[PDB]
Structure formats: structure tokens, C-alpha cells
Amino acid sequence: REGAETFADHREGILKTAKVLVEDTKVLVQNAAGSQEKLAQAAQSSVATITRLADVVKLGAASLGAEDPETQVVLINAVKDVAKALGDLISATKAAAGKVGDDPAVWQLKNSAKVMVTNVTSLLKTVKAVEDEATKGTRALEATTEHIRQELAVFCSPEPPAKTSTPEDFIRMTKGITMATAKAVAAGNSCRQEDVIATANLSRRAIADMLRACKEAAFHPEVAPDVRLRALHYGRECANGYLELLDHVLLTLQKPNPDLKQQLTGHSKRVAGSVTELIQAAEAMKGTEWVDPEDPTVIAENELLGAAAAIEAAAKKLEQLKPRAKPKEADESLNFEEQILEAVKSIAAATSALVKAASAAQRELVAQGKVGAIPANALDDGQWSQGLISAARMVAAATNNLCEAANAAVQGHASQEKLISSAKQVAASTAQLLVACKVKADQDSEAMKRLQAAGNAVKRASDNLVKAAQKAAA
């Protein structure tokens, strides 16, 4: 929360937007009939609705503040699911088009429209929960359980996903889920609304990636399809038990009696055994032995040095770009490119500050020897470190891509699509690199403090680039 702002404005704004969404889907229903013009009109109208929706929900989460990250996260996941299901309806319409109601495809389309209606209701309830600290818990739990129910629904659909996930990342998901349900039972003991919602968000991230990655990994071709049949089977039951634990979570919060508590505990360990079934299937399916190439430390400082050098070089090779008044290369002579270039240079400086703060945080981490004498810490921090290194190499790539964005803006780009794509992916890349940093980080350590300072610097860089780009070409 910054400045003297308050949330109620956002509350009502998203209220209006949710209404508008209701009529947007209602109209697009019949817009399935007609020619492309009417349907596209209502499509783009919905587009604008969800756009201002995203904006106002962003500012509402900002209104919520850092104090309770859980509320922002849960509502943003809600609006995320809303948007994705919107896209689901959009794609189906794009398919289920030019066919009158009798078509099974458009029949499914109507059903999906009703499903989106339910999703909108869910989002309404999410807003309700956003209003009151009094009872966020049960409603977050609901959102959670119907959420996972519809991922189940996706799972019952035999479909080809993008990739087939690695069994090792998948089994990391498995163990994360076991510790997750450990925390879940812990919170059930706690009977604390804030702990409830935090655990809920923990679920909607962890178990979601769990079950999906189960799907992709099983869907790997070369492995014996019986292996994946067993994997999908066991994942079905694990989802079932996850749901059952969730249900008993609801009951326990309503019914603090110990009977439901011990029931939930035992059910959780049943589910843990099922998770071990997934684990055994996963180790069965993986046909390879060695995973960790190099120790997390040495690679971490290779990352530190390389990223520091890369971003200082990026700042320098951006400084050698100057705001120039030539229209032959810079196809638009508007001073907005001047403003953008100055902002981009500031962004380079912010990214340099970011790599320095990350360097300091990493140095502190390796100074404590957080990589751990235990081999378990060796491997887990190895994968942490390698992911963070990928993150840093790709943010170096993003900063460079910013460098070529600036150089081409000097050369003239005039179709700001590539430039803004680059800027946005810089923002997201920085985000994920910070995330990799924040892994298992003692919150009140000064390393995290200056690291988050530099992260905020780059976030202001992201805001500045966003505002310039929307300003750019009006």
C-alpha cells in the first residue's frame, strides 16, 4: 500500500467489472449466432472489460499491501482462472462457430458458458472474501476445492498437453506436496483464518503444479504407456485424497472438535502413502541416473560474476545509445522515443543494481554455507542454484534484448509490439530471478533487504517502461 489510497474504490470497481463480464458472456452467447462482425464486437468488448478488470484488480492488490500477500495472491489467481476460462470460451466459440445450437460442439460451448458463469460467481465470492478479514478462510478453502475440482475436470479430458514433464521435477513436486499437506494438517490444528488462506494459496500453487506435471510426465511417449496409466491412476486417487483432506479442513474449521482433526490427520497420511505411490511410479518411469551437474555454490558465483559483467556491459552499451533527432532510422521523431530511451537507461542502471544486490545476497548465503553439508541440501540447493542461474542468464538475455530494443529504436522500430514484448519479458524475467533468489530466504536478513530494494528499483523500472509504452503511440 502506497500513499493515502484505500481499497473500497477497487472493491466497487471490480464489482462493476464483474457485472460487465456477466453481460459480456451473456451477449456473446447469442453472438455465437450471426456473422463475424457481431461476434467479434462482443468479443472485443469482453476484451476491454477484462482489460480494465486486470488493471483495477492490479491496483486493488496494490491497495491490499505487502502486509497480507495471501489476499492479493488468492484474488489474482481467481481473476487468472477467470481470464483463462474466458479464453476457453473464446477458443470454443472460435471453433463452435457458424453452427446452430444442435451442434455437439456448440452444446459444449453453452455448457462452458455456464461454467464461466460459475467461475464468475466464484470470483464474486473471492471479492467477498477480499472485503472481510473476518472469514477469508472458508471461502479461500472453497475457491481452493472447486479449483482443484476443475483441474480434475481438465484431467479427465484425454488431450495432448504442450510437453511431457521431467520425472525428477515431478518428484520434487511430489515431495513438496507431502510437506505441503503436512503444513495443511498443521493449519487444521491451528484453526487460524490467515494461516488457512496462506495454506490455501500454498495449495493452489503446489498441488496445481503437482497434478499438471503428473499429467505431462505420464504423457511422455517413449515410456511404456502402462507406466503412465498407473501414474495417471495414482494421481487420480491423490487428487481425490487431496479433496478429501480439503473437505475435512472445511469441517474442522467449522467443527474444531478433535474427531474431525484426527480423521484429517489419518487421511493426510493415507494421501502421503498415495504420494509415495506416485513417487515410485515416477522413479520407475525415469530412464536416466545423474541429474545434478555441478555444486550449487561454484555455479552460483559463476552466475554472480557473469550476470554482473553482463548487466554492467548492458548499461554501458545502452549509454552509448543517444537520443537523436534523425527520422530516417528512428521512423518516428516524437520525443517519446527520447523519454523511452532515458527510461530504458534507468532500467539498465536498475538491473545493474539488482544484479549487485543479488550478488550480495548470494555471497551472504554461501558465506553461511547454506548449501549444507547434508547431501540433501547439496542436491536441493543445486537445483535451486541452477534454476537461479538459468534465471540470471535469461535476465541477462532480457537486458540485452532491451539493448537491441533500444538500438533498433535508434534504428527506428515504429511497430512497438516487439519493443513492449521485450520490456514486459524483461519485467517478468527480473521477477522470476528475484523469485529464485527469495527461495528459502530468512526474511529479516539484510541481504534480502537490499535485494528487495534493488528488486523494487527494477519494479519501478518496469512501471516506467509500462507507462511509457502505453504512452508511446498514445
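FYI, residue positions are counted from 1 along the chain as it appears here.
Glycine too: its Cβ is placed from the backbone N, Cα and C atoms.
Per Swiss-Prot, the residue annotated phosphoserine among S35, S190, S268 is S35. Each of the modified residues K26, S35, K110 was assessed for Cβ neighbours inside 10 Å, and the highest tally belongs to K110. Cα of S35 (phosphoserine) to Cα of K26 (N6-acetyllysine): a distance of 17 Å. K110 (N6-acetyllysine) and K26 (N6-acetyllysine) are 10 Å apart (CA-CA, integer value). Under the three-state DSSP scheme, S35 (phosphoserine) falls in the coil class.
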